[PDB]
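Undergrad: For reference, this is data.cif, and it has mmCIF, C-alpha atoms.
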data_work
#
loop_
_atom_site.group_PDB
_atom_site.id
_atom_site.type_symbol
_atom_site.label_atom_id
_atom_site.label_comp_id
_atom_site.auth_asym_id
_atom_site.auth_seq_id
_atom_site.Cartn_x
_atom_site.Cartn_y
_atom_site.Cartn_z
ATOM 1 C CA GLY T 1 191.952 138.913 -65.448
ATOM 2 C CA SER T 2 193.885 136.416 -63.360
ATOM 3 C CA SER T 3 197.301 134.823 -63.706
ATOM 4 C CA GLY T 4 199.223 132.290 -61.653
ATOM 5 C CA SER T 5 202.251 130.019 -61.672
ATOM 6 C CA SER T 6 202.156 126.381 -62.715
ATOM 7 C CA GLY T 7 204.670 123.621 -62.102
ATOM 8 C CA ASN T 8 205.995 122.558 -58.719
ATOM 9 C CA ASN T 9 207.523 124.463 -55.828
ATOM 10 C CA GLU T 10 208.059 123.834 -52.134
ATOM 11 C CA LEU T 11 210.293 126.237 -50.247
ATOM 12 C CA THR T 12 208.553 127.370 -47.082
ATOM 13 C CA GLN T 13 210.513 130.211 -45.529
ATOM 14 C CA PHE T 14 208.723 133.547 -45.553
ATOM 15 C CA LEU T 15 206.664 133.543 -48.728
ATOM 16 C CA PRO T 16 202.895 134.095 -48.795
ATOM 17 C CA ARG T 17 200.876 130.971 -49.491
ATOM 18 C CA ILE T 18 197.620 130.671 -51.399
ATOM 19 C CA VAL T 19 194.704 129.166 -49.513
ATOM 20 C CA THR T 20 192.200 128.148 -52.162
ATOM 21 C CA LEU T 21 188.848 126.699 -51.170
ATOM 22 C CA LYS T 22 186.436 124.680 -53.276
ATOM 23 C CA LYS T 23 183.440 125.070 -50.994
ATOM 24 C CA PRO T 24 180.963 122.199 -51.360
ATOM 25 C CA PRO T 25 177.338 122.562 -52.471
ATOM 26 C CA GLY T 26 175.527 123.722 -49.356
ATOM 27 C CA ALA T 27 178.498 124.954 -47.362
ATOM 28 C CA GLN T 28 179.192 128.246 -45.628
ATOM 29 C CA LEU T 29 182.848 129.219 -45.785
ATOM 30 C CA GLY T 30 183.714 127.349 -42.610
ATOM 31 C CA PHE T 31 185.437 130.169 -40.766
ATOM 32 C CA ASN T 32 185.059 133.725 -39.528
ATOM 33 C CA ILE T 33 187.125 136.854 -40.047
ATOM 34 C CA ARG T 34 188.146 139.519 -37.561
ATOM 35 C CA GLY T 35 189.856 142.894 -37.662
ATOM 36 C CA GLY T 36 188.277 145.780 -39.532
ATOM 37 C CA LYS T 37 185.904 148.531 -38.464
ATOM 38 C CA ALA T 38 186.940 151.882 -39.888
ATOM 39 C CA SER T 39 190.550 152.558 -38.971
ATOM 40 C CA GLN T 40 192.124 149.852 -41.098
ATOM 41 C CA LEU T 41 193.243 146.869 -39.057
ATOM 42 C CA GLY T 42 193.591 143.629 -40.983
ATOM 43 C CA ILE T 43 191.568 140.592 -41.988
ATOM 44 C CA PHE T 44 192.689 137.512 -40.095
ATOM 45 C CA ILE T 45 191.301 134.034 -39.548
ATOM 46 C CA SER T 46 189.095 134.797 -36.568
ATOM 47 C CA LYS T 47 187.799 131.254 -36.252
ATOM 48 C CA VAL T 48 187.872 128.111 -38.360
ATOM 49 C CA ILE T 49 185.238 125.393 -38.400
ATOM 50 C CA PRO T 50 186.674 122.126 -37.068
ATOM 51 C CA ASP T 51 185.417 120.305 -40.139
ATOM 52 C CA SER T 52 185.469 122.622 -43.132
ATOM 53 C CA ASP T 53 187.429 123.194 -46.320
ATOM 54 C CA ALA T 54 189.631 125.735 -44.582
ATOM 55 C CA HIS T 55 190.388 123.398 -41.702
ATOM 56 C CA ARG T 56 191.597 121.055 -44.419
ATOM 57 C CA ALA T 57 193.142 123.714 -46.627
ATOM 58 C CA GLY T 58 195.447 124.154 -43.655
ATOM 59 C CA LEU T 59 193.898 127.267 -42.162
ATOM 60 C CA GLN T 60 194.869 128.265 -38.642
ATOM 61 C CA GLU T 61 193.661 131.054 -36.387
ATOM 62 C CA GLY T 62 196.261 133.662 -37.260
ATOM 63 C CA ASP T 63 196.792 133.180 -40.976
ATOM 64 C CA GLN T 64 196.468 136.806 -42.014
ATOM 65 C CA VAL T 65 194.592 137.434 -45.240
ATOM 66 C CA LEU T 66 196.733 139.747 -47.337
ATOM 67 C CA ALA T 67 194.419 139.856 -50.331
ATOM 68 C CA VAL T 68 191.325 137.987 -51.452
ATOM 69 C CA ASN T 69 190.752 137.326 -55.134
ATOM 70 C CA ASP T 70 193.205 140.067 -56.034
ATOM 71 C CA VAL T 71 191.247 142.484 -53.879
ATOM 72 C CA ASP T 72 193.398 143.629 -50.983
ATOM 73 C CA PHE T 73 192.160 142.911 -47.480
ATOM 74 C CA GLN T 74 194.399 145.398 -45.711
ATOM 75 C CA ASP T 75 191.758 148.107 -45.603
ATOM 76 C CA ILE T 76 188.334 146.564 -46.072
ATOM 77 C CA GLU T 77 185.166 146.244 -44.025
ATOM 78 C CA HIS T 78 184.454 143.083 -42.068
ATOM 79 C CA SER T 79 181.125 142.567 -43.793
ATOM 80 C CA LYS T 80 182.872 143.015 -47.121
ATOM 81 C CA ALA T 81 185.493 140.463 -46.148
ATOM 82 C CA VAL T 82 182.666 138.136 -45.188
ATOM 83 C CA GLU T 83 180.609 139.012 -48.242
ATOM 84 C CA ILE T 84 183.452 138.816 -50.733
ATOM 85 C CA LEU T 85 184.523 135.396 -49.519
ATOM 86 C CA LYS T 86 180.912 134.265 -49.609
ATOM 87 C CA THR T 87 179.914 135.865 -52.890
ATOM 88 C CA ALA T 88 183.215 134.886 -54.461
ATOM 89 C CA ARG T 89 182.410 131.515 -55.985
ATOM 90 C CA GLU T 90 185.995 130.409 -55.479
ATOM 91 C CA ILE T 91 188.118 131.542 -52.559
ATOM 92 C CA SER T 92 191.714 132.388 -53.380
ATOM 93 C CA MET T 93 193.279 134.772 -50.890
ATOM 94 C CA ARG T 94 196.924 135.335 -50.044
ATOM 95 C CA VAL T 95 197.983 134.339 -46.549
ATOM 96 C CA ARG T 96 201.340 134.328 -44.800
ATOM 97 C CA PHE T 97 202.912 133.474 -41.464
ATOM 98 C CA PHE T 98 202.096 136.239 -39.011
ATOM 99 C CA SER T 99 203.972 134.959 -35.982
ATOM 100 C CA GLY T 100 207.647 134.852 -35.084
ATOM 101 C CA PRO T 101 209.534 131.954 -33.485
ATOM 102 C CA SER T 102 208.201 132.886 -30.067
ATOM 103 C CA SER T 103 209.778 136.210 -29.179
ATOM 104 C CA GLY T 104 211.956 136.515 -26.099
#
Let me see the structure of the file written as structure tokens.
TA:
Amino acid sequence: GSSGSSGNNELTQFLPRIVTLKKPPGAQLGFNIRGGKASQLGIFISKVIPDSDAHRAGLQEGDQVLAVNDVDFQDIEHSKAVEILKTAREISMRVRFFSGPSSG
């Protein structure tokens, strides 16, 4: 199953956002994913096509992918992360700010 929240909310602070993609007919994600081999690492926005749904969705090299379509992306293979996204008709992963206000 799948459940969400409807209405209206806008309080950016430290909450994970939802980057949903529609993906047009004849598209290909529009970005790559890095991190993940065997250890665990994480699935982050390796690269984003400068003219894709993600680029528009507001994706930025760094937006860590917590989970994708419920499935967690904390301990998953790269290919899987690539496959899932692809296979998955509709992309709906959980991302969140993974960078402080410039340490120092």
Undergrad: For the structure provided, state which residues fall under the PyMOL selection byres ((chain T and resi 63) around 6), and present them as a list in words.
TA: residues 45, 60, 61, 62, 64 and 95 of chain T
Undergrad: Distance CA of residue 32 in chain T-CA of residue 46 in chain T, one decimal place?
TA: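 Separation of CA of residue 32 in chain T and CA of residue 46 in chain T: 5.1 Å.
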Undergrad: To one decimal place, how far is CA of residue 88 in chain T from CA of residue 11 in chain T in Å?
TA: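 About the pair CA of residue 88 in chain T and CA of residue 11 in chain T: they are 28.7 Å apart.
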Undergrad: What separation in Å, quoted to one decimal, exists between CA of residue 48 in chain T and CA of residue 15 in chain T?
TA: 22.1 Å
Undergrad: Would you please work out which residue, of T:13, T:6, T:74, T:102, is nearest to residue 39 in chain T when using only C-alpha atoms?
TA: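 Between T:13, T:6, T:74, T:102, the residue approaching residue 39 in chain T most closely is T:74.
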Undergrad: So which one's closest to residue 76 in chain T, T:103, T:40, T:8, T:92? Using all atoms listed in the file, please.
TA: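 With all atoms listed in the file as the atom set, the closest residue is T:40.
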Undergrad: Using all atoms listed in the file for the distances, tell me which of T:37, T:23, T:96, T:17 is nearest to residue 55 in chain T.
TA: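 Result for the nearest residue to residue 55 in chain T: T:23.
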Undergrad: With distances taken over all atoms listed in the file, which of T:79, T:35, T:4, T:100 is nearest to residue 18 in chain T?
TA: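 Checking each of T:79, T:35, T:4, T:100 against residue 18 in chain T, counting all atoms listed in the file, the winner is T:4.
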Undergrad: Evaluate the PyMOL selection byres ((chain T and resi 57) around 10) and record the selected residues as a VMD selection string, following the chain and residue labels used in the document.
TA: chain T and resid 18 to 22 52 to 56 58 to 60
Undergrad: I want to know what sits within 12 Å of residue 77 in chain T, based on only C-alpha atoms, with residues of the same chain fewer than 5 positions away left out; could you give that as a PyMOL selection string?
TA: chain T and resi 33-43+72+82-84
Undergrad: Return the single residue from T:49, T:85, T:71, T:91 that is closest to residue 30 in chain T, with distances computed using all atoms listed in the file.
TA: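 Using all atoms listed in the file, residue 30 in chain T sits closest to T:49.
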